[PDB]
Amino acid sequence: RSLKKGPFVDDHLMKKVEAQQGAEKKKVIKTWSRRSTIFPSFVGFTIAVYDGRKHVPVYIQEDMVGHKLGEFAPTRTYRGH
Amino acid sequence: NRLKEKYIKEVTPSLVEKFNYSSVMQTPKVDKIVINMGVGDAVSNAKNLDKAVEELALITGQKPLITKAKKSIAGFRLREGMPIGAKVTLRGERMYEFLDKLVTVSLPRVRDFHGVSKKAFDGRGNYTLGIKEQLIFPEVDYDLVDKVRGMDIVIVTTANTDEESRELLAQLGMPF
Amino acid sequence: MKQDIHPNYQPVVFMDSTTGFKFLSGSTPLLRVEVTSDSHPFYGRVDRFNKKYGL
Amino acid sequence: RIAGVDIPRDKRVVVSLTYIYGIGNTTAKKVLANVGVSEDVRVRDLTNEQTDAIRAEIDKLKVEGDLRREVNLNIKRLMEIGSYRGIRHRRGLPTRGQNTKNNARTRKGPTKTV
RNA sequence: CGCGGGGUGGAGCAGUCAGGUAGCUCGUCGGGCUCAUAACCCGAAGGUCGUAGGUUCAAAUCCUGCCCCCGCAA
RNA sequence: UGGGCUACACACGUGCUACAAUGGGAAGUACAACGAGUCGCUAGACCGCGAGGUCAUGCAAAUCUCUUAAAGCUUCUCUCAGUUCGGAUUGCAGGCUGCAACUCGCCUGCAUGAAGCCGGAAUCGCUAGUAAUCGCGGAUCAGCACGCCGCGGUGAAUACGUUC
RNA sequence: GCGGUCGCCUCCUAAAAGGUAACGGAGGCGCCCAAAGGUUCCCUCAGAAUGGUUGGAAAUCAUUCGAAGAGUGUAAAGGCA
Ligand SMILES: [K+]
Ligand SMILES: [Mg+2]
Ligand SMILES: [Mg+2]
Ligand SMILES: [Mg+2]
Ligand SMILES: [Mg+2]
Ligand SMILES: [Mg+2]
Ligand SMILES: [Mg+2]
């Protein structure tokens, strides 16, 4: 949110991640929420985001916190002409 | 000459107490420091080579020797006898002054100088440095630095070995 | 040292006013120097997200 | 001259400082106001003390080299993590959600009629 | 294996003798005119001249080879 | 539910901005009309560089607001320059809307500062308050149009004549 | 008869002196240099390894290895550190 208020994130995603407290990477989580932000809690998980046709995985690191999830799951398989 | 006085007074006891020499004439001693600047583009126009000669002069107070090819290489349109860059050989008080200028001015003045390689040896006690980027002290005359080319800076010693050379340069000031 | 070919190589002083260090050596008398061995040290997005939105 | 650029001499101070990679009219006016000089003089009529104060505040401010390093490291970060916004750069495309069909020549470069 | 004549944008050709830095016509592509197509008009693209080297300030051209094509022979 | 209609080697049409000094920028100041408005228009005050935010008044309206319109006029400065033109693109910070602004919103500030120096063949509109230029409002609309519809400001040249 | 050859230089053939033929095998010459001569003085190469900036497989720098594996205007032979 570009308003200086709650950095947006979905309740179920927050809930499942916070339940995953031991931070095991095998605890891979899925979501259709391309619109949520990224937090330090996410840093180190392999989440799978629905890109319109598939759950594409992505491993989070420090360089994603201010970004959205949909930025790492593109929707257009362009390959030149 | 501060560096030479250091070499005589502080280095040599601090060196021999470790390396266990039965005579002071086993001491590692810096015999010379060579500068080189290869250009190649001089084959296009050697005015840049004249410029490199100018900068070596401004740096050292010592006219360089223009090197030349002993071969012709069609891959670079290179002909034997044509001037590939220049070199200088410092020995003595001038050499010590140059090294002290390096350590005390122009190694910090690189943008990200956190140190230098320790493995850059020949396996026989002689060091080889390389400036990738010119303009490392104020009298490089930034107003006319057309291009940054770089330098090879060889530091020759009487050191038998990597270890002798490394410890010597440590006591002399080189921040490994 | 030959004549008429070498630049004038005169004893000059290098001064770090950051630490006041004073060194003598020959070059082409006092000169201005910013940093040196006696003044150089070697001789984030999570934090930023937290600063922007307190957590 | 100031930060590695021989700025003009017939120009006035603000508009001549605009030729620094990091200073526009607003920051130039802010700097000359913080230093306390006239904004309508020409730089070939300055006292070197004014020049030195200008240099001091400019060095306090983030300029040519640091600015290039900062913006380019940002670009390289977003390119290397693999974000959409960096794939745009890596591919040579616009980045702010524009239409890449009938326009975008400022990233495509020259046209290639095919 | 040899003797002649060829290898220049997609096609055909000059320029090779006389080194001076790649062109003629058609064709292709794009845009115009047209109800539309052709013609016409305005633009572009397409080759260091078969190839690896020498000579030269400079080689399609001169020299040396090497690889393909058409005749004979074979 | 998420994605796509927003792709991108390219081609075309209709527009907007321009390529400047009949002009750019800072200041001051003057003259409209149409029309819209209740959980909507919002005065005034304060904060903020700004977009905007807090408080709070009037108005279901020729009573209040949107609304001191901009071009214009008087000064100052710029003095020919890819420029103080041009503003694209890009990085950074923010603001609004709205569950949500990455795909994929609008606006602002800072910084960069591209192409472009009036445009080939050809082709389009227009005869008067017209063209040209200047802004203002409204419909859709939670939020968003260089478009659409309407409004008014300033305000030309030319028409010999039907060979084609 | 055509092709090729006709003059000169080098090797092999050529049989450890020299010489020695063939339409036997391979190559060159019809010049260059005013320093590529003379003398005096000085020096020693090629490549490999290692390291170093653009600089790569490879330019140039430095050390070591390095008996010639280079160069000797131009063919081959002989010879020359
Ligand atoms: K609206
Ligand atoms: Mg858009
Ligand atoms: Mg056509
Ligand atoms: Mg559509
Ligand atoms: Mg402007
Ligand atoms: Mg009419
Ligand atoms: Mg015999």
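One table, with the values for the structure above:
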quantity	calculated
Subset of B:71/C:2; B:51/C:22; A:4/D:29; D:29/D:62 violating a 20 Å alpha-carbon distance limit	B:71/C:2; B:51/C:22; A:4/D:29
Qualifying GluC sites (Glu not before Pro) for region A:1-78 [loop in DSSP, other Cβ within 10 Å: at most 11]	A:24
Helix-only mean residue ellipticity at 222 nm for the protein assembly as shown, each DSSP H run of n ≥ 4 adding -39500 (n - 2.57), per residue, nearest 500	-8500 deg cm²/dmol
Cα centroid separation, region D:29-63 to chain C (Å)	25
Inter-label distance, nm, simple model (7 Å from Cα along the C-beta direction), residue A:29/residue B:8	7.3
Spin-label zone in region D:90-114 - amide nitrogen under 14 Å from a point set 7 Å from the Cα of residue A:81 along the C-beta vector	D:100-103, D:111-114
Cα centroid separation, region B:40-93 to region A:14-64 (Å)	58
Radius ratio Rg over Rh of chain C, counting only Cα atoms, Kirkwood formula for Rh	1.47
Tensor-based shape of chain A (alpha-carbon gyration tensor, a/c under 1.5 rounded, otherwise prolate or oblate)	oblate
Region A:1-77: relative contact order as a whole-number percent, Cα under 8 Å and 6+ apart	27
Which of B:27, D:100 has the fewest Cβ neighbours within 10 Å, and the rest in rising order	D:100, B:27
Integer Hz, Karplus 6.51/-1.76/1.60 couplings in order for region B:137-148, x for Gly and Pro	9, x, 7, 6, 6, 3, 5, 9, 7, 4, 8, 9
Along each principal axis, Cα extent of chain B, largest first, Å	55, 36, 27
Computed label-point distance, nm, for sites residue B:111 and residue A:8 using a 7 Å Cα→Cβ extension	3.9
Relative exposure of B:7, B:21, judged by other C-beta atoms within 10 Å (fewest first)	B:21, B:7
Per-residue mean of C-beta atoms belonging to partner chains within 10 Å, peptide A:59-71	4
Most mobile of B:133, B:163, B:17 in a GNM of chain B (Cα contacts under 10 Å)	B:17
Cβ-based charge dipole, the protein assembly as shown, positive-most Cα from B:23, A:42, B:123	A:42
Charge dipole (chain C, unit charges on Cβ, about Cα centre) - positive-most of C:53, C:40, C:1	C:53
Per-residue Cβ neighbour rank within 10 angstrom, fewest leading, D:39, D:49	D:49, D:39
Distance (nanometres) between label positions extended 7 Å along Cα→Cβ at residue D:79 and residue D:57	3.6
Percent RCO, i.e. relative contact order, over region D:5-114, from Cα pairs under 8 Å lying at least 6 residues apart	18
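Here, each number is a calculation from the coordinates, and none is a lab measurement. Quick reminder, even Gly has a Cβ in these numbers, built from the backbone with ideal geometry, and neighbours come from all protein chains shown.
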